[PDB]
Amino acid sequence: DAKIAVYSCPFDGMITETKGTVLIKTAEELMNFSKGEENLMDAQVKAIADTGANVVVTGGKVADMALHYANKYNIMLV
Amino acid sequence: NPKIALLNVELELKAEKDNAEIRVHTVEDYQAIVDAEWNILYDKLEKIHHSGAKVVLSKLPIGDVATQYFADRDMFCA
Amino acid sequence: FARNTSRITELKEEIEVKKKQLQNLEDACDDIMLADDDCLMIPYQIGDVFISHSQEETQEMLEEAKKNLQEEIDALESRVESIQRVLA
Amino acid sequence: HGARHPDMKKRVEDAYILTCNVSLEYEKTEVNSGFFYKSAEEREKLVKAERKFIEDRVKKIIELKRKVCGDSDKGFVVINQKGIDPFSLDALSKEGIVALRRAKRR
Amino acid sequence: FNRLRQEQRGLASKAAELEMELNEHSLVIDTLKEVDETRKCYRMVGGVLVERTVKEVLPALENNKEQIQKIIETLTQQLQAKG
Amino acid sequence: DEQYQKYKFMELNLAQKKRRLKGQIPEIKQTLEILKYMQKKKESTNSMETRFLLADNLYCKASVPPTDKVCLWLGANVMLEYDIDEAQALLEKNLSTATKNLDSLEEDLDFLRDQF
Amino acid sequence: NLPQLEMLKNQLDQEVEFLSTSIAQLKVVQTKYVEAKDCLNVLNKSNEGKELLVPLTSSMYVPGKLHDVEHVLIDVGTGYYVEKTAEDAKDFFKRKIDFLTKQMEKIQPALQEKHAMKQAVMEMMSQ
Amino acid sequence: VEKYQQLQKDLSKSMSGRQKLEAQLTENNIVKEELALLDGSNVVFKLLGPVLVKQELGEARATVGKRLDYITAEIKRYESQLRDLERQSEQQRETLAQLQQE
Amino acid sequence: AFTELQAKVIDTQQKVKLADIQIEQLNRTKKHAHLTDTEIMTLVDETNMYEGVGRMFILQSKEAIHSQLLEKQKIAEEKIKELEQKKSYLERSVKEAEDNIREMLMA
């Protein structure tokens, strides 16, 4: 009864800020991104009440962080 | 039963240096500059050898002086 | 980060203008010591007030301004030199 | 065109007509204090809160429907030059009200 | 563009200026609230300098907000009038 | 991309803050040391002929007794007068402590904004 | 013909806007002198010597009686002195205001007359 | 164009100072011109900072005169830079045009 | 050619943009004057008082406050009526010129 959460590309690829011409030198942009994805799928397992989505589809890459987030949330993402 | 280290970055002569300027205060002070020229490299080699590997490989050329400090680590590099 | 210029240029120019102001204050001290060196009346200013009473009492703030300028400005010259040397 | 009216009373025979534009999809008020100055913080928030006007206009249509037919039975047909929401069309189809959207000019 | 842009900008600014005035009149309350404007003081209102015990300052400093608040709320609701 | 433009905009809108803050800093300094250096001793000692501002362009001679009374304003409506010892006590924080935060929110903020 | 003229009309607009900022500078320069004229009336009203509450830098107020109208002073130039005398403090700084206001007319008349051509350029730009 | 832009910057930084000195001079001219004839109502002193010293008119006149000579010399300097800019505007600007043409 | 006549009518429009500014400046300053008059009538209830131009405060008695709350406000009053008797002239100058230019010059 997985009332699908329908999206085209709910996730994006790899990026990294440059402080100027040269690249940034901090990992906060990655830690905050990971925690944001975690809380987004926490809100997903909240919004299963009004959506009922055990599955979702994307055209954008996700990482193994999303893999174990899904495993603890019991969801699938193509 | 050697554990192996799989490196590509190297330590070699003339590759890197610090453009430090220090006014004379004594004769024991100039060694701060020559220290800063190599201290990060010494700590880098010490820790990467203490990583848990016990023989190390590198795709780029390594210095004989670096090989001698690796022998001080009771270790060898290729 | 090569932030030296953005942190040393303004300090250099302001130290230069403060040294010029201290030199002009020394010139004013010399002037009041020879020009209009009349004991009886001399308008001399402390912040926002004239008192036209001080002739020898002028040094009571002449030296104050002299040292409060010179010590702070050469200390901050050492500070900007420190900003220079920490990067190079 | 038609409208997003699922299970319409398609055979509207007592079709009262008054072809005024009803703003059942209010165009967001992005313009508050000009273009992208520092006051665009007002534009980022004032763009919302247009949901109420749809139901206010729908209530006006219901009032006119009551006035002209005296009941909710006979079909009253009205138009819109722009789009109209489906959710309120669901109730309007039950109220004997036929709003239509995306009409051309002449 | 212009026939709508300048009209909206003018009608917004006519009360945005008063909103900034209310911002000033709200940041000025810190003296009364914490800096203890309660003694016998030489209070001024602009052009005049009164030596009075400060009893009227609370009604005077509330009467401005009780008006400018509804003025700025009216402006905020007017911003949504037409898009 | 937009990095250069947003970096320049942040630099401009923080340099304006720099200019404004070191705009009010000098006169609050003056308020402290002018009084604490001249008046606190000489006015408390004896009454002298003085110079006070009539306007920012009209400057008038004056004389002051040991009035020892000072008044502070933060706005067009709220006034408080003080003695010649607690007034500088309340004023000295407003620059000695204010510089540490505002200028650190300037020097350190620039250091971060060179990357932020 | 038209395209290059329209392209350079942007530079014409920017110079006109610079001169409009100059005339806004003109509206903001009268102040010092206009409150100088407003403060005229304080001088004659207090020529016996009278208690004043006056600003110290901007934000300070300290009581003090003004005296010695015979050396009321204005700053000028690189550090020169204008010691206004008593009779001047009553009546003659009125003519001093007249001359400062004369410089104010160097500001408004003598610059609005040459900005008449600025507004003429605005009107001509329609072509 | 390098030389044209350099001369434009020189023109700008010279003319800014020239204009500011003109703005102060338009006032000091009159102030001094009645000051030289209104003696008694005002008397010349030097407010060289936070102090006052009795001053004589002649050295003030020399100061303003050498201001005038200095600023006139700066005006000819600026205008010479103006001819330099207009001279570079032909060839230093054709530098890029000729390389794009051939 | 009609170019100079068109210049005159645009000059009349510029005079309209002069008129609105010159009336609105005085009506805002008059509103400020009324606010100051209300405040000064409110504050006369107490005696030991100072006034000035903001950049100074002169001591006085109550009758001086009564004199000053009238002697300058009445100058502003005579000046506002001067500006109505000027604004009527200049608004006639612009409006009647419009009446005799817009439906006339298009011929």
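Letters are used for the chains, namely A, B, C, D, E, F, G, H and I, taken in the order the chains are written, and counting of residues starts over at 1 for each.
FYI, a residue touches a chain if its C-beta (ideal position, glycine included) is under 8 Å from a C-beta of that chain, and two chains touch if they have at least 3 such contacts.
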Hop distance check: chain C to chain I, minimum number of steps through touching chains?
2
Going by average Cα coordinates, which chain is farthest removed from chain F?
D
Taking the mean of the CA coordinates per chain, how far is chain B from chain G in Å?
70
Can you work out the whole-Å distance between the CA centroids of chain F and chain I?
37
Length of the line joining the C-alpha centres of chain F and chain G, rounded to whole Å:
26
Residue numbers in chain F touching 2 or more other chains?
30, 34-35, 39, 49-56, 61, 71, 73-74, 114
Hunt down the residues of chain G that sit against at least two other chains at once, touch-wise.
35, 39, 42, 52-57, 61, 75
Name the residues of chain E that each touch 2 or more other chains.
42, 44-46, 49
For the complex, which residues does chain F have touching chain I?
53-56
Touching chain F in the complex, chain A uses residues 17-20, 24-25
Of all residues in chain C, those that touch chain F in their complex
1, 3, 6, 43, 45-53, 61, 64
Sort out for me which residues of chain F touch chain C in the complex.
30, 33-35, 37-39, 42, 48-53, 61, 110-111, 114
As the complex stands, chain G meets chain H at residues 75-85, 87-88, 92, 99, 102-103, 106
